[PDB]
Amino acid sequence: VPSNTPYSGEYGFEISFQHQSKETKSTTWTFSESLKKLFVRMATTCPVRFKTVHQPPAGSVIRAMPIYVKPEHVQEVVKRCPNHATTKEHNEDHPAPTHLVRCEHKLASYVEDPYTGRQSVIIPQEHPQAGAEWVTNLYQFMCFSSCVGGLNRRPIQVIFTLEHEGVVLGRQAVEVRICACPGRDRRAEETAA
């Protein structure tokens, strides 16, 4: 049972999403702060920002792992539907075509726990650039939330953990809905709530 409990930890690990102004905003993603929920199109690069208030130990990493939100689904591993996992589109030379969550980082490593089957992607933790508070990493989500035989309309979260040599040092999480029209789904979900 992977924990989703937010945890800044001793190093002050935090995530965020950059401001979107109407003039240059991407239509491929949008983040509802009131819902703590990312809306994003399938197979589009989505910017996620990370920081630590204090420098963590050398060689620390950041893991991204999707999990289902509701008790009725928590124990089931989140991964792509067989349809998308076995097609050739999106998958030419990918090392882990069944993983839902991908990261563009050059050193991204795709791992699967041999016992639980949990899939995640790990990248190095990095010092921000000069004068910058945040490091931006690019993720993609490789099925729609409605993929029959995959997510099948069940809600998911993505867990971000800062880790060093296996030990979780910090944790943040957001809900994620992968949909054709992030702005439309955000407005409608924010309206219903």
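Quick note: we count residues from 1 along the sequence shown, nothing fancier.
| For the stretches 178 to 186 and 20 to 28, which has the higher mean C-alpha B-factor as given in the deposited record? | Higher mean C-alpha B-factor: 20 to 28.
| query | In the PDB record, does 97 to 105 or 70 to 78 carry the higher mean Cα temperature factor? | reply | Higher mean C-alpha B-factor in the PDB entry: 70 to 78.
| query | Say you rank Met142, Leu162, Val148, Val48 by Cα B-factor from the PDB entry; which sits at the top? | reply | That would be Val148.
| Candidate residues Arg41, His127, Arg153, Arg63, the one whose C-alpha B factor the record puts highest | If I rank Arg41, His127, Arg153, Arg63 by C-alpha B-factor, first place goes to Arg153.
| field | Third assignment of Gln119 from its chain's C-alpha B-factors | value | Bottom third by C-alpha B-factor.
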